[PDB]
Each structure stands twice: as C-alpha cells, then as structure tokens.
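First the structure, in the form of structure tokens, and then the observations on it.
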Amino acid sequence: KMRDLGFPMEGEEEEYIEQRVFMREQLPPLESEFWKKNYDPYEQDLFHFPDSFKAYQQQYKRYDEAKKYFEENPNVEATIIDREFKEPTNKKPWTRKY
Amino acid sequence: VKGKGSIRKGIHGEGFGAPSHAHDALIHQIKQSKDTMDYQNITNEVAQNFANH
Amino acid sequence: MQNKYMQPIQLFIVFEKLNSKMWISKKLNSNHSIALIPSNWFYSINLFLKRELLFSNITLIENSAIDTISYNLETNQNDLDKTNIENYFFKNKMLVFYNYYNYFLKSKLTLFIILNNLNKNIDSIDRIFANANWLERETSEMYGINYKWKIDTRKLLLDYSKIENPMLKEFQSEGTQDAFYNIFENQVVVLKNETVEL
Amino acid sequence: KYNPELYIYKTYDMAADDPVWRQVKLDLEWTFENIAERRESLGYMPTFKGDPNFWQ
Amino acid sequence: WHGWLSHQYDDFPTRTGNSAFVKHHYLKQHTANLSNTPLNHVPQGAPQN
Amino acid sequence: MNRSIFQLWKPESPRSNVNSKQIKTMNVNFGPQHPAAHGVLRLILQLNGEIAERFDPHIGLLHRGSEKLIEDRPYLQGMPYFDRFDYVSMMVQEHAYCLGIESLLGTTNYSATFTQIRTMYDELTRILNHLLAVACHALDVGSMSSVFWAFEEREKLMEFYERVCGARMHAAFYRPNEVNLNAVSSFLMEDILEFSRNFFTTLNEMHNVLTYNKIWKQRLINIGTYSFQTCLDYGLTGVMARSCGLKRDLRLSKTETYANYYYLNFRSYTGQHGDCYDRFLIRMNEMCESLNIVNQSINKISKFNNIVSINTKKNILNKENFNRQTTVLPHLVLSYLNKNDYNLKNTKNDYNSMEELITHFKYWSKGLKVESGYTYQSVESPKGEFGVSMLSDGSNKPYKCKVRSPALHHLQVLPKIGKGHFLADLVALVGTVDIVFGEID
Amino acid sequence: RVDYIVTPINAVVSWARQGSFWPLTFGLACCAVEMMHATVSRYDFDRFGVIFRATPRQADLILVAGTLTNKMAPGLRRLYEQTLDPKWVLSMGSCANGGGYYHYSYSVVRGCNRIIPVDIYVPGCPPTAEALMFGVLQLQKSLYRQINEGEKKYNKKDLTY
Amino acid sequence: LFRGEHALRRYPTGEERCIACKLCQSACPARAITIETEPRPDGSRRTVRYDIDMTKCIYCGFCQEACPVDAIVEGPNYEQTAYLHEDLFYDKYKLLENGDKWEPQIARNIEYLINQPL
Amino acid sequence: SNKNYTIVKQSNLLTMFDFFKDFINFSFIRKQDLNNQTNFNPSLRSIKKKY
Amino acid sequence: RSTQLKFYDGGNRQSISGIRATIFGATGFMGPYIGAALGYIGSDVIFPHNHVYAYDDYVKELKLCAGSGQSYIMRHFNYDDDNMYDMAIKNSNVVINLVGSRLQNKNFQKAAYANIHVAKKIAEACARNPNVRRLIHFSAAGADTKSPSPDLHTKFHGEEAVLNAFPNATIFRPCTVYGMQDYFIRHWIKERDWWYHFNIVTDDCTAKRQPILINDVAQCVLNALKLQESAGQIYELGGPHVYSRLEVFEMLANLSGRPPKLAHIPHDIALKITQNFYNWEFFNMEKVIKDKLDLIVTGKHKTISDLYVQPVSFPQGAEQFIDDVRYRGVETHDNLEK
Amino acid sequence: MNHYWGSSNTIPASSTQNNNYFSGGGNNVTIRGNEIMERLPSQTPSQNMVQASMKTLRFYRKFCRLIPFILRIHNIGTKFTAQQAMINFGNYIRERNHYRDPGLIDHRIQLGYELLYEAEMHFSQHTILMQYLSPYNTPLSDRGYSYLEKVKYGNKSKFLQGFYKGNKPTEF
Ligand SMILES: CCCCCCCCCCCCCCCCCC(=O)OC[C@H](COP(=O)([O-])OCC(O)COP(=O)([O-])OC[C@@H](COC(=O)CCCCCCCCCCCCCCCCC)OC(=O)CCCCCCCCCCCCCCCCC)OC(=O)CCCCCCCCCCCCCCCCC
Ligand SMILES: CCCCCCCCCCCCCCCCCC(=O)OC[C@H](COP(=O)([O-])OCC[N+](C)(C)C)OC(=O)CCCCCCCCCCCCCCCCC
Ligand SMILES: NC(=O)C1=CN([C@@H]2O[C@H](COP(=O)(O)OP(=O)(O)OC[C@H]3O[C@@H](n4cnc5c(N)ncnc54)[C@H](OP(=O)(O)O)[C@@H]3O)[C@@H](O)[C@H]2O)C=CC1
Ligand SMILES: Nc1ncnc2c1ncn2[C@@H]1O[C@H](COP(=O)(O)OP(=O)(O)O)[C@@H](O)[C@H]1O
Ligand code: SF4
Ligand code: SF4
Ligand code: SF4
C-alpha cells in the first residue's frame, strides 16, 4: 500500500519522506458537501428495536417543541439581569464556623 | 471490489466491511465528517469509556 | 502601462452565469487587475483558480476586509463617476477583498466580495489556499466576518477571554477596558477604561 | 534554463570565487586611493567653524 | 564638551578666547542627572509638590 | 541501506490502542520568555521524544492596533508605525508606505530617485537585516561570536542611519514626494564606500566558521526542505521563495520595479535545494551583492572625469572648489535634470515665502490631501514581499491601511516544515524563517 | 554593637551585588535590539560585570524592553514574582515607560509600572545604546547605595541605633 | 541631526521663541504634547502650559521640524534616565531649563543645519 | 517484534481510508544522511539579466 | 472643625476620588492593602517611610497602590521632627496611622516609642493642620494597661494619647488579620515547613482568636471614611466566629490536608529563652506572650456590624491561601492532571 | 476521530495501558484531552433557530461538565461553588437568549468553545476569566461584603440611590 501511495522504498530515499507523506496537500472538499440538509452525527436507526434501545435515539420531540416555540416567538425582548446589590441567598460562607 | 477482499460494492456506493458484518457509526462519522466535530457527542462508547476510566 | 496585459476573462468565460466588473488603474502596478466576485460563487471560483492550467501557479498574497458602511467621499464628491469602484462601498455592510499573484501570467488579481447580510457570512477558502488560514482568522476576529467551513476559527492576535472586533469603525481606538494589577486578588485584572484626551 | 551559471564556494574569501566581487574590491580601493591623492595634493581641508556672532 | 566627545563637531569650548559657542546672558550652568535626588523634576500639582 | 518507514512513521487507526498515542505528550509553552523565541511567541508545542508533533502558535503578545492607530491619525503621522513593524527593515517599511502614498497622489519621488538614496539605503538596510538574521540563526544553532561580528557592522550601518537622519534606529527618513537633500552629503557616501570595502572582511570571517563547517552543514542541510508547491501554497516569498528556485524578485520585475533597481546590473541568487543551508547561502550572497548595488548607486552620482589641459594632457583640478575634495556629488543628477525644482527648493522656504509658509502650516496641521482611491504597493524587503493596501476617502487620513507582511506567511509554514523535526531543529527553523513579530502583529 | 561588623559587611555585599548584576534574557520589541547592541562589543556590558541569564531564578535585573500588551501583562507579573530576590526593574523605551506610541491603543498596557514596580526608567524610542548603558550604570550606583542611605541615627558615640 | 532630549529655546534678547501656534502639538504622532495659551499682560502670544510626556513621546523629531520659529528643539542630551515616572512628565519649567542649559551646543548644531541649504 | 504491533493495521488503514482526501492522524520522524550532509558542496544558481 | 468627607467611590484608578491621604507605617503587611483601598478609586496616597532595606519589595510595591501622579513615597522620614509630619500631611485630608511595634521587637522602650511617640506626634500634626478631615489610628484588639504584652501595653497608651490630641480620631482594634502576606497563616505554613514534624507551641493553646480578612479590614476602613458619625469612636474588628488556638490549628490542618502535630515547650523556659536571645520574625517574645492572651472582639466598644461590613468566615477566607500547600496523598488519575 | 474531542484523545491511565487489561477507555469530557487543539473547524451552518438553540444547549452542557475541573485548576472554587458558576454563566446566556440569527449564534458558539478551551489549557488568567462566572448581584463567596449602601438606602428607588451615589467626580 505504501509503494502504491508513493512512499520512499529505499534507505537513501528515507530522507525525503516528508515530501511524500505530509507535504502533499489534501484535496479540498467538494462544494456539494456544503449543501447537505442535515449535519447531525450518524446513528443507527432504532426503528423496529425495543423501546429501551429507542430511548437512546436522538430526541425528535425536543426538536418539534423547539420549532413550535420559535414559530410562536419570532421576536422577544432582551433579558436584563438586575445588578443591584442583594444579600446572598446562600449565607454559608459568612455564617459557617467549621 | 478489487483489492478489498470480501467488501462488495452496492448501487449507491461501496460498503466499508464484509457483507454480513455490522456497520460502524464511528467509522461512518470519520468518513463523512472527517476532522469536523460540532460538539463532543456522548455516545454509548464514550460513556462506557468514561465509566471504565 | 507600456507592457503586455490581458484581462482575466477566463473566470467569467467559465462561470457563465456571472457578470463581469473589472478595473485597472495606474495607482496600481501595470499588471494588477481588480474584479467583483459574488460571495455565493467565491468558493467555486477559488476552486477553479487553484487548479486551472494558467491559474495553477497562483498564490494568495493578501486578504482583508473594509467596513464600507461608514465610507464617505470627503473631497471632490461631484467628481465621482458611475464606473468608479467606490460606488459599491455605499450602503454595503462589509467588503472583503482577496489578492493573488499568478506566475505564469506575471499578474496580480484582486477580488472584491460585498457582504450585505448582517451576520457577514462567507465561505472560507483556507481549505484551498493554505496560507489563507491565519489571514481569515485575523479578518474574522478584527471585523467579525463569519467564515464558514473554515479549518480553524480560533482567534489570532486578540487577547484571551475577550470578544470584540476592534477594526470596525464603531470601535474606539482607546478600547473599552484596561488591564491593571489588583493587590486584593494579587494578580492582573481587567476593569473599565479611563483614558487621556489630547 | 539551458546554460545554468552557478556560484561555487571554493575558497576562504567568497569574493575571490566571483570575478565581479574582486573587481568591486579593486574599485573601492581605487576610489579610496584617488580621494587620498587629491586631498594630499590639495594639502589642506576647509571646514565649517562655529561663530557666536551669527546669533546677534 | 558633550558634542565634542560625541564627534558632532571638531570645535571645543575655550575659556577666555574666541569661542565657537554663544554665551547668552540667560544661560545656566550644566547639571548632571538629578533624578533620585530632592532636586529632581517635580510636576506641578504632583503629590510631592 | 534497508527500509525504515515503519520505524519512521506511526499512523493512528480507529479505536486502536497500538496505533494511538500511548504516551502523555509534553505540552510545552515555547516562549514568550524563551531565548530561541523572539519574545512575543507563545507556541504550544506537543513534543513526543523531544520531536515536535503539534504546533499551536499564539502571536497576539505584540498586537498593538497599529492599523487602527494609522486610521485614526493622518497619513504623515502614521509613518513611524511602519518603522515599528520591522525592527531591521524600517527603511523598507517607510519606502513601501511612501510608495503607496505617492501612488495615490499620482506622482513619483523624482528627488529621491535621482539622489539614489531610496536604493542605496534600502540595500544598506538589507545588509542590516541579513546580518541580524544570520547572527541570530548562528546563535540559535550554537555559534556565539558571529553575533558580535555581525553587530559591529550593524553598529556602523546604524551610525550611517543616524548621520543621515539623526536616529540610529527608526529613521523616519523617507517621506512622500520629499527628501532632506541637506542631510545627503558626499562624505557620507565616502564613509559608506569604506564600510562596503571593509564588509568583505566580516563576511569572510563569518563564512570561514559557518559555511564549510561540518557541524553547520549537518545542522542545516536537508532541514526544512520544501518544494515550489509549498512555496506557492503558503505564499512564501523573498529568500524563502528563492530557496525553491522560483526565481521571484520584485526589484527586477518589469511591471513591479519601484526604484533604480531595474536599471542596475546586479544578480539575484536561488538554490536548487529548499533547505536551511541554501537559505543561509542565499542570505550571505545577497549581503555580498548589496555591496555591488551600493557601489553602482554611488557611482551613478560620481564625476569620474575631469578637464584635461591641452598643452600638458593632465587634469586641471580646482584648488578652491568643493568638487576637488570628493568625486561623489549627490545633487549632480538632480541639479542637472530638475534645475528649476532644485532652485525653488533651495531658494524658497517658510521664512521668506508666503506660499511656503502656508504649505508648511497645512502640512503640519492636517496632512496632505490624498485623492480618494484604492492602491496596493509592494517592495522586496529583506524578509520578502512587504506590501501596503491603502484605501483613501479623499480626506487627510487613510480610511483603511492593510499591511501584507511576509513574516506572517513565513511563520505559517513553520509547522509544515518543522513537524517531524527535533526541538534543536525547530529552534533552527524559527531562525531560518527570519521572522520579527512587530510586523506579524 | 553589630553595626561594627554589619557596616563593612554591608559595603562588601553592595560591592559584590553591584559587580555581579545579571539581567534576564527577555525582550519584547525593538528595544530588544538596543539591549543586544549594549551587550555586544561596541559598548560591552561585561566591562561593568552584567551578564544575561535565561531563567528568572538566576537574574537580578528585569529589563522590560518593549511594549507590554494586555495579553502579556499576566506573564510579566508572573516573571517578576518568580525572579529571586533581591531584584530591580528597569523600563526601557517609551512603550515600556508609559505606553509610548501605542498609549491610545486598545491592546497595549499604558505602562509596565501598572503591573510591576519599576525601579528605574530609561526614556527613548528606542533608547540609544549609550542611553541604556547610562541607565544601567545609574541603577548600579543607586543599588550600591541602597544598603545604607543614612536611615539609622547616630547616638552620642557615633554608632547607629 | 541627533534627536535627544526636548528643550525650549529663547531669542538672544531672552524672549521666548515659542508662539502658541500648536503646530508641534498637531504634528506629534503620539499626542505627547499638550499646549494651553493665554494672552500675556504685555499682549504677547505666549503659552501658559507646555507639557511633553516623555514616556508617551516617540523621539521622531516632528515637533522640531514643524516648529516655525525653532522654539522646540530636540537637543543632543540622551542621559535623561529617571527613577520616578513623574520625573518624565516634562513641564514648561523643565523644557526652558533644558534650553537654557543646552543652548550653546544646540545653537552650534543649528548654525550648521541652517548653513547647509546655503 | 515490538514494532510489528503498530504495523499490523496500517495495511487496512491505507486500504480503506484515502491518504489525501481523509484527514488521518499520524506521527513521523524526518531522517537525514549524515555522510551526504558532510560531503555536500555548497553552491547557488546566479541569475542576471539577458545579454 | 468639620469631619465631612466628600469623595466619589464610583471611579477606577484614573478617576478623582477626592481623598488626599497620608498613610504612616505602610511598609508593614497591611500597609499596601490599606493604601490600595484608597488608591484604586483614584485617591492620592502619600507613604512616609524610613525602611531598611530600601530596595525591599515591601517598599517597592507601595507605588502600585494608586499609580503615576497619585502615589508618592517619602523616603528617609524623620519620626521625631514636627516639620516632617507637617510636610507629610500638608495636603492630606485623611491621615491613616499603622505605625505599631513590630512582632520582632521585645524592647519595652522601643515598643513604647513606636506605639506612643509616633502616634501622638501624628495626632498633634493633624490637630495643627485644619485641612485634615479624618484621622484613622490602628490599635490592637485586647489593648490594656495590665496586658503582659509590651505591644498591647503601649498601644493602649498610644490610643489614649491619639484621642487626647485629636478628639475626632477613629481607633480600630483589629483581631488577628490573615492573608497572603500575613503573620498568621504564612507563619503557620513556614514553621511547619521548617520543622516538618510539628508546630512548636508554648501554652495550652486555649487562647481565643477571632481572625478577620485583610480585605474585610480595608472595606471597614472605606466604610468608616464614608460614615461621618464613626469619627471619635473605637472599633473592634473580627471574624463572625471565635476559635481557640487549638481549633485554629485543627481548621488549618483539615483545610490543607496536613496532619496536625503540636509539640509543647514549657512556657517559662520558652519565655526565658526568647527574652534572653536575639529575636526575629519567626522567633520573638511577643508571639510567646500573645499565645496565652485572648485577642477577640469585646462588647465594650463598637463592632464591625456598626461599620456595616459582613466579614467572611475563617474556613472560607483562609482556604485560598493554602491551595499550594496541600497534602499530596491518594488522588484520582483525573486529579493527577493538575 | 481526528479531533480534539475525539474518543482517542484521552490521557492514558497508565504507562503501558489504558485504564485496564481487558478494556480501553479514558476521560476527555470533564478534563482536557491528551493532544493539544491544532484546529477547530467552524460549526456547520445552522439553517434554523432550532439548530441554533441545540448548539447553545450542547455548548452549555459542555461548559457545565467542565466547570469543576476549571475551578480546581484555577483555584477559584472558594469564590463560587460549581453550581453557582453554572448559574452565573446561565445568566450570561440568558442575557443573550434574545438572538434570532443562526449565523450570529454559530459565531458566538465558536467563540464560547474557544474561550472554554483557553480556560481548560490555562491560556487565560483566573482573575481575567472569572468575570464570566462572577455573580451578577450576589457577593463573592471569598470576601466580606459591605451592606452600608443597602442600610442607608433601604426601601428607596434605584433612581434615588443613583442620585445620591453620583455619576461624576465632584473635585472637578
Ligand atoms: C569543629 C571543631 C571541633 C569540635 C566540634 C565543634 C562543633 C562541631 C559542630 C558540627 C555540626 C555543625 C552544624 C551547624 C552548621 C552551621 C549551621 C548552624 O549552626 O545552624 C544554623 C542553620 C540555619 O538554618 P538554615 O536551614 O540554614 O536556614 C534556612 C533559611 O534561613 C530558612 O528560611 P525560611 O523562609 O524557611 O525561614 C523560617 C525561619 C525558621 O523557621 C521557622 O519559622 C520556625 C522556627 C523558628 C524558631 C527557630 C529557633 C531555633 C531552632 C533550632 C533547631 C536546632 C535543630 C535541632 C532541633 C532538635 C529538636 C528536638 O527561618 C529561621 O529562623 C532559620 C533558623 C534560625 C536558627 C537560629 C539559631 C541557629 C544557631 C543555634 C542553633 C542551636 C541548635 C542546638 C540543637 C541541639 C544541639 C545538641 O541551621 C539551624 O538552625 C539548625 C542547626 C542545628 C545544629 C547546631 C550545631 C551547633 C550547636 C551544637 C550544640 C553546642 C556544641 C556541642 C558540641 C561541642 C563539642 C566540643
Ligand atoms: C565574616 C563575618 C562574620 C560575622 C558574624 C557575626 C555574628 C554575630 C555577631 C554578634 C555580635 C554582638 C555584639 C554585642 C551586641 C550588643 C547589643 C546587645 O544588646 O546584645 C544582644 C543583641 C541585641 O539583640 P536583642 O533583640 O536582645 O536587643 C536589641 C538591642 N536593644 C535592646 C539594645 C535594642 O542580640 C544578640 O544576641 C547579639 C546580636 C545578634 C545579631 C544577629 C544578626 C547578625 C548579623 C550578621 C551580619 C554579617 C553576616 C556575615 C556573613 C555574610 C555572608 C555573605
Ligand atoms: N496581625 C496584624 O497584622 C495586626 C496589626 N495591628 C495593628 O495594625 C498595624 C498594621 O498591621 P501590620 O502591617 O501587621 O504591622 P507591621 O508590624 O507589619 O507594621 C508596622 C509599621 O510600623 C513601622 N515601625 C515599626 N516600628 C517603628 C518605629 N519605632 N518607628 C517608626 N516606624 C516603625 C514599621 O516600619 P519598619 O519596616 O521600618 O519597621 C511598619 O511599617 C500594626 O502595627 C499594628 O499596630 C493590630 C492587630 C493585629
Ligand atoms: N561642486 C559641484 N557640485 C555639484 N555638481 C558639480 C560640481 N562641479 C561640477 N558639477 C558638475 O560638473 C559638471 C561640469 O563639469 P566641470 O566643468 O568639470 O565642473 P566645474 O566647472 O565646476 O569644475 C556639471 O554637471 C556640473 O553640475
Ligand atoms: S519604545 Fe519605541 S523602540 Fe522601544 S519598543 Fe516601543 S516603539 Fe519600539
Ligand atoms: S519627539 Fe516626536 S513624539 Fe516626542 S514630543 Fe517631539 S514630536 Fe512628539
Ligand atoms: S514650540 Fe514651535 S511649533 Fe510648538 S507651539 Fe511653540 S512655536 Fe509653535
């Protein structure tokens, strides 16, 4: 396989290994690879499998709920968290002895 | 397929293993999305590796 | 301009669905040509450039961006003509320009791409031209261009744990925060900025 | 392309390996000698002398 | 003598004779670096002042 | 010799323990405070047996917003940023900036061209940069005294800088469509000629201890080797490009020459091996050839011949004329050709001419007005093709000014050319790329 | 009293630490070249017994020679803290002193004195090699005198108390 | 031509050569010069505050080049090491004192510089 | 024999994965011939204008 | 006179706080922190000192409190000249005094001088200068005339003299303050590292301690300046809870992971040895005497709650300062990464 | 997988083994991996706010899984608990939850992953990076807080509190 790929096959040629293994650039991706509908990692389709196995399938109900929510709320106000000083709710740091 | 042993070519592509063997999701991901990971997905293999460690 | 020059019309002959807008000026070198290239065709055009016969010996010399939104002709406003390249700056959010040098044709080719979408999306070409990696990283960090399909999106020449695009005209040269040393924390901290006005 | 011309490092003095650089050395020394001869023949050198009365 | 040492010019100060340097009435005597000394530059309004 | 491919490479197979990193690699922070690192490079290095495997360079330790400050300031006040970009080619950086400004203005610096300053001082700066680069490379490899020997010549050249402009470093001398003709002096040219004559001795001293040394040859030869395609893919230029035989020089280009270079008969050198040894030889030869270029430039402004008496057939030397002291007259060609401009320059100033005073006041309050337009002007700086891409909006300030620095592109290839090399080879590669981070950042 | 022995030993200690004054091999910007110029033969540093050491542990002087960026300030603080005592700090160049040409920048610290205590400042941009030599020699003299600057008072017997 | 330490000169009569035209302030690339001027009781156009931040200034020389009356001159002094950062905030007092001390050598250099064009 | 363990799977790796299209992690060491390095004769290719 | 102090605390170092403060005795452990408290809001800070060695980091780092043009260091200060004090506090509306007898000093005369003479002269100078709005003297908790410790014995007289000379003076009585450069946590660590087998105690270790964080002390100083009514009153500052010496040792051992070991030396022999031999930071009679004494907040004067500062508990506050000195026992492989 | 997050980027548990003699495994989720990150490819484009929201949730999950390790290495556990840091970063995300541009969200997620990697690898300083984890309105747990302002201005409007505090130095 190495000789088919073009690696050095002689001791005197071992000194130009980098020119045949690392220097050569990798072919850029085909532009069709940027148009895929979905890029989620592949997983075995657990149709016909037990419910216990299906529990490990990607949760499509969450996607449906998120789609519904974003359809219902195309535009929302920017949340602002009050910076006013407030007494801590967890007072252990200032009220612990040991 | 020439030079690939029992691996045989289908209509839409050539398989990555012998006919009756099981497809590997990790190999599929490496081939399709080589070098790209949007997030560190925790598969069963990753979870089991964490548990073993 | 007493040299032998030819327009790079090969790109537009091959990409038959694009219109050509090209310039040459004595402000540039005799062998330098500017062209307008759409973003949705930029990646395919670079693919063609990187492996066409006469464009095979092409190197990406430079790449950067211009915040054309705030561009205004400060003098000789009336002298502007519809053929000038400045007409494309007005009302366009960003303008990312690349510059290549071709050895077979002894030529310089600059491509201008207009980004009008608010998020500044454009396909990266660092997978075609290796040196474009850091160039695009710098451009993205300094101007906020969202390069897509880029090999490495991590910042280059920007400080740690900070998000900003200083080269935008909105940003002020003095910045927004200064780094001092805090005795209470016994280490360098960053706090709000107060500076000197001449 | 078809008649390559090479520079070969073969002596302690890299100038000696190139006929042009030997001539550069000789021209520099010739210029120095010519300047020295002219100045010696003249016998003196005019110079700018500060004068405080320039600031009246 | 600073310029003479630095080789800016070949003229040197001469006491009691035709000099190459102007001697104005408002000139002050040269002083070495006075930093790290009470007679150091104190900006107006500085806490030391 | 038998094969050693399996002992030389170790691939990684999916979910395989043997074909995997069976060791905890050393993640070292090469720099910033490292003698080999120039001082502002934080390279995360993945060593495995003291052999570099993975590079993660951080180069923001010297980012200063130079382009932002240039945009804020007018044209003239942004020039010294170009001196700061490169610590050893500041003259070339100034030349590129001024070339861009005058390209926007649509004119050329005839005064500088005829006085020959912008070529002789560019070559002197090239000698400066090559001396520093070779000295630092030798210091990294291990040789010590080369730094002192090179820095003596650097001190001489800095003395020339200070004599012409008053600053031994960061000259800020070149300016668009203007020249300080008063500073240019014949005695300065004579001293430069003396320096050129004595520079051969320093070159030979370095050459004797470096060029033929077995250790030096074993350290550099066949290290960092790369083809034209790498030179092309990573935008390698200048010495890095010529070491591949690309034969790419911007000074001897028909459509890209920018000074008196195109009309001087000098030689550029390239190597058939793209390794550190060839790059070192190229730098030495370029240093040597800068002497020839300087000699030609100075001769272009010299009056060699003289009036010969008819009776005696001997020279008639002027006893009380300045031309007897020296044979080099910097203002010779300028006075001969542009007589009216020279007379106006030397007769009218801001203390006696209303127009000159107004021009001076405007020039120093708001910089010269530059017509709106886009330009890209480049020079063959010692570290490669250094360019400025300036967009002007018609005001006294540059709307945008991008700087194409060869140092960034040269540092981009460092992982490629130094992946499989040792740490001792990587410290040589960082020196051979000849990078200063001022222009990188 | 201990002063009888302390004072001559103080003088010896000051002389030794003045004679052997090893700065740290740390340069950030163009000011580095000027430091190298001082180190090299034309203005030999070794004449005054200053030799540069790579590790901070073996350094007596911290030559802040070059611009300091926000991305680097923690590193400078860590280097200063890790340098073994006693030590002094010398800022070199306008950028190291007060931000220099980049005082109005968004990345540059307006002065190394904000992160570190600066013992001495050497103005210049770049400071001349002789300027750096002058600063180092002045720092050495001040260092020699720092041991006993007439703090303790003399009693009726002229012995400090 | 050496640019060392900034100083402010005077006419031979003792009058200040500095007229508050702010050309030097505008040309200063580093914004290191701050000038405020008020009419003098006699009526002269003279500055009331002339500060140069030696830590913020790059010794380029633009100030002396833009000065139309050779008031601000970057004299040859370079041994200006300071132990306190405040000592490098040169004020009008400091600049005038530098000019008074270094006038001889500065004038000697200016003579040659002015005569060169002739 | 110890080396052979990492060699076992290289054949299948190179057979099933494209060495150029697929981004496969690997490590390598660069070798130089010391005899050739010491016997090398320095030389450069001088270039001048056409005559 | 008027004790009002109008200052703006909403700005950073480059702002103008409106406080001009002279801080005597700032070369100690707490001096840099107190100076930085005022400096970080833009206040002008003066540090008069006569410290040996001048090149010490303790003197050097005082310049970082405010910055350039705001922090000044007055060297070679003379503590028996009134003109020196007048110059020091000429332009200061705040005068903080931390000049107290060092733990290294056993001489009663020197301790009394440091804790009384300097404080009285500072108070007299403040009285002379009509622009000194506020004076903040630092006393010690447990100060009493019957106190065996010369330091406390002289500090009681010092605070009395300060009150007599400047009736608008504010006296703080902090408990054992701890921090990175303190004399309590650092001393514990250094003693245990130098012996490697034990900490040498000289008593039953039943003395009560109420540690307070130095950050809390600085916040208390700022709040005291803000509160006009705090003038002319004595404050005792301490942590939320009181621990004995044995309990403090146990807490430190538990936090750091180092097993505890206390080696007992008889109090009488320890006192004789320390009072008859040379004393330095880590070997002094003051530590031996104060081991038995209780240094806690008593109800006789105002407390920290009056200043409206909530001090952090000792276990929480001191944990960060012992991260480096942690026992390395059995740990997980993930924890091995560090 | 040839990525920094790949399952083969784990730190070996032993010099001659990975965690066992019969199995191979390692931890790379709650700690940094073995090899450094040489390249971080851009997030694949998200065509929907659903995909953008999923990316945000996954990034936040990774941040929550890593926070205890970050706190331990940076010695900032005393300042805030792990859950407190998680909630503070949750508030940070909530302030940005109004975004409705998938491209901007992808860019933000890339920046977040980069900063998280910096925190893991100690590229940033603890004092500089704790600004994201700091409470919005609660005191830091390692310091004693001052409630003087609250006592003085109890049951008073924020406008009045700001009016009394001031917004400009009074000296000039
Ligand atoms: C040769 C002629 C022929 C005849 C023979 C003559 C005799 C030959 C003797 C041969 C052996 C000599 C060995 C000593 C060599 C020189 C060094 C030295 O003297 O010690 C100083 C030296 C200083 O410590 P260091 O490690 O260099 O300091 C590092 C940094 O400074 C620390 O940096 P840091 O930041 O960690 O600082 C922490 C803090 C320290 O850390 C702390 O903060 C916690 C501690 C604070 C209080 C410390 C009080 C003193 C503790 C003494 C401990 C002694 C060790 C044994 C303890 C046993 C306990 C069961 O720093 C310090 O204070 C440093 C320690 C200061 C010690 C001051 C007193 C030293 C001189 C007197 C010692 C007497 C010991 C007698 C023991 C019993 C002998 C039978 O080491 C010691 O202190 C231990 C010396 C123990 C041996 C003493 C030998 C002389 C006396 C023997 C008895 C009389 C003679 C009997 C024979 C007579 C025959 C006729
Ligand atoms: C090569 C030179 C070697 C020199 C070694 C010197 C060893 C120590 C000599 C001590 C002489 C003491 C003379 C009598 C003192 C009279 C005062 C008194 O009250 O006595 C009790 C003294 C006083 O200490 P005290 O704390 O009890 O009281 C203080 C004094 N009153 C009360 C008056 C304020 O203490 C002693 O026990 C003796 C002095 C100990 C000094 C310890 C520090 C020594 C520093 C040596 C510096 C030189 C180092 C040389 C090596 C350098 C190497 C690079
Ligand atoms: N655990 C603690 O820190 C506590 C401190 N305090 C009080 O707070 C003050 C500040 O705390 P801390 O930093 O720990 O105290 P320090 O002992 O560290 O500082 C005392 C200061 O007073 C100086 N000084 C000592 N003696 C004299 C003297 N005779 N004449 C002139 N100056 C002298 C010292 O300068 P020099 O370096 O030159 O000797 C030093 O600057 C203490 O002095 C003490 O009064 C109260 C309770 C607990
Ligand atoms: N001092 C001089 N400075 C500049 N150019 C000179 C000078 N002398 C001669 N040239 C040039 O020499 C040429 C005239 O030659 P020649 O008659 O030999 O000189 P000269 O008459 O001054 O002795 C002119 O180009 C003239 O510009
Ligand atoms: S002060 Fe000047 S020479 Fe020194 S680093 Fe800054 S810009 Fe460069
Ligand atoms: S030398 Fe240049 S930067 Fe400095 S004050 Fe003068 S003009 Fe300004
Ligand atoms: S120094 Fe010269 S340029 Fe500056 S204000 Fe005075 S007269 Fe004008």
Side-chain angles (χ1 to χ4, degrees), chain D, chain F residues 186-187 189-201 203-212 217 245 247 265-272 277 280-282 284-285 287-296 298-299 302 304 306 315 317-328:
Chain D
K1 288 289 182 178
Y2 271 87
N3 300 328
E5 181 65 9
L6 304 182
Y7 176 85
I8 308 178
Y9 299 80
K10 45 186 172 297
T11 60
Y12 306 114
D13 188 0
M14 62 190 304
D17 299 355
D18 191 325
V20 180
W21 292 339
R22 303 199 295 266
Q23 192 62 37
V24 170
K25 286 181 170 180
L26 294 176
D27 292 0
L28 294 169
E29 298 189 27
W30 178 87
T31 300
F32 306 147
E33 291 174 351
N34 177 22
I35 294 295
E37 291 168 3
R38 296 162 69 87
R39 294 196 180 189
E40 182 179 359
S41 297
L42 179 53
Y44 68 93
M45 186 69 173
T47 55
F48 179 96
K49 180 68 69 174
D51 196 359
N53 61 30
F54 177 88
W55 298 102
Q56 283 185 141
Chain F
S186 176
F187 307 98
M189 303 295 178
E190 299 179 355
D191 285 61
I192 291 169
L193 292 172
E194 181 184 355
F195 160 87
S196 300
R197 175 57 185 92
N198 278 119
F199 188 62
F200 294 101
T201 305
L203 283 176
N204 300 333
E205 284 178 345
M206 301 179 64
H207 160 78
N208 290 328
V209 302
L210 295 180
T211 303
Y212 303 123
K217 285 194 293 183
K247 187 153 52 171
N265 296 100
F266 63 97
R267 297 163 297 181
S268 172
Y269 307 87
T270 68
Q272 293 80 341
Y277 196 65
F280 162 80
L281 297 175
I282 290 169
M284 298 294 292
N285 274 28
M287 283 193 298
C288 199
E289 193 69 4
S290 296
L291 298 183
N292 182 19
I293 298 174
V294 169
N295 178 27
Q296 292 174 306
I298 294 172
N299 297 341
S302 309
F304 298 109
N306 191 84
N315 297 324
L317 296 176
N318 298 260
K319 295 184 177 184
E320 63 284 354
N321 186 11
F322 178 88
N323 71 331
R324 174 162 185 175
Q325 306 300 155
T326 183
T327 61
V328 303

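Below, chains carry the letters A, B, ... as their sequence lines are ordered, and counting in each starts from 1. Hydrogens, waters and symmetry mates are skipped; everything else that's a heavy atom, side chains included, is used.
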Where on [X] is there a heavy atom nearer than 4.5 Å to chain D: the side chain, the backbone, both, or neither?
| X | result |
| --- | --- |
| F:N299 | neither |
| F:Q296 | neither |
| F:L281 | both |
| F:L317 | side chain |

pair F:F200-F:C288: side-chain heavy atoms closer than 4.5 Å: yes
Side-chain touch D:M14/F:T211, heavy atoms, less than 4.5 angstrom: no
Residues 47-56 of chain D: residues contacting chain F (heavy atom under 4.5 Å, by number): none
Selection from D:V20, D:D27, D:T31 maximising heavy-atom pairs under 4.5 Å formed with chain F: D:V20
Short side-chain donor-acceptor distance under 3.5 Å, F:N204 and F:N208: no
Polar side chain donor-acceptor pair, F:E289 to F:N292, under 3.5 angstrom: yes
Where D:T11 and D:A16 come nearest, the two heavy atoms and their spacing: OG1-CB, 4.0 Å
Pair F:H207 + F:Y212: ring centers closer than 6.0 Å: yes
Distance in Å, F:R267 CZ paired with D:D18 CG, rounded so as to fall on 0.5 Å steps: 4.0 Å
Presence of salt bridge, F:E190 and D:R38, under 4.0 angstrom: no
D:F32 portion near chain F, given a 4.5 angstrom heavy-atom threshold: side chain
Greatest number of heavy atom pairs closer than 4.5 Å to chain D - which of F:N295, F:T327, F:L291, F:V328: F:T327
Ring geometry between D:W21 and F:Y269 (parallel below 30°, tilted from 30 to 60°, perpendicular above 60°): tilted
